[PDB]
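This document starts with one chain, in the form deposited in one PDB entry, laid out as structure tokens.
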């Protein structure tokens, strides 16, 4: 931290204590967040912010540097060939992907499968030139369970069928049971702490994203307040995805969100499932057919 312009030993101590230990967090911080630290003037705040941005080279970029930036994005396999393809490779880090659908369509299944695949190193697709092995080593997932449907037995089962130790997935997956939107949101904000503690969080799951908000703000005469809270939550999720080069997945029960990728999943004939990608910044709307078996997501 003392590398930052104006930052001396005492200021560094105040920053680390306030949770600002990383440069990108300071570079992307507002003078407000830092002046709130007290002891941190708006003067020092502005200088260290400018210096962090510069140290992180956050200016204008063009040409080949645009490709290099896009290359820091790694993708997580869904275990479904059709789905991975419709995704343009797999689930993207640095973005929030939403899986919406009626009850029983398979949203929770995809969340579980994703926690398992994170542990199969060959399921993380990346350009070693832009993403080092160290960056994706010992990856851990965070599962914010809003419904109480997290099933450790299901994790074990999927893991085993994929040839991976079930307990190893459990050992590297943090589950947080949230009973309301307040807990749901705090948990997500506290993910930054798991990382500061040495945990390489590479996958964040929110299952589900909207249940709590809907039960708390049913009155469609306050839907604005709800939308406001949900908006702040989503913003926290997108920033988390970006700053920590992390894959973020959310589910939504249906009978629009700030998610960069949005799917509609419906149950097909028996085993079959159809995921329709209807929203993304660079992919065409397309459907992927797959199935859910005792092995998890397959085909």
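Numbering follows the first chain given and starts at 1. Residues that one form lacks are left out of the comparison. Take the two forms, superpose them, and find the largest set of C-alpha atoms that agree within 1.5 Å; that set is the rigid core.
The next section is about a form of this same protein that is not shown, the form deposited in another entry.
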Residue 68 C-alpha relocation of at least 2 Å between this form and the one not shown, rigid core basis: yes
CA-CA separation of residue 94 and residue 66, closer or farther in the other entry than in the form shown [shift of 3 angstroms or more]: closer
Direction of Cα pair change residue 65-residue 94 in the other entry, magnitude 3 angstroms or more: closer
Core-superposed comparison between this form and the one not shown, runs of at least 3 residues with CA shifts of 2 Å or more: 57 to 69
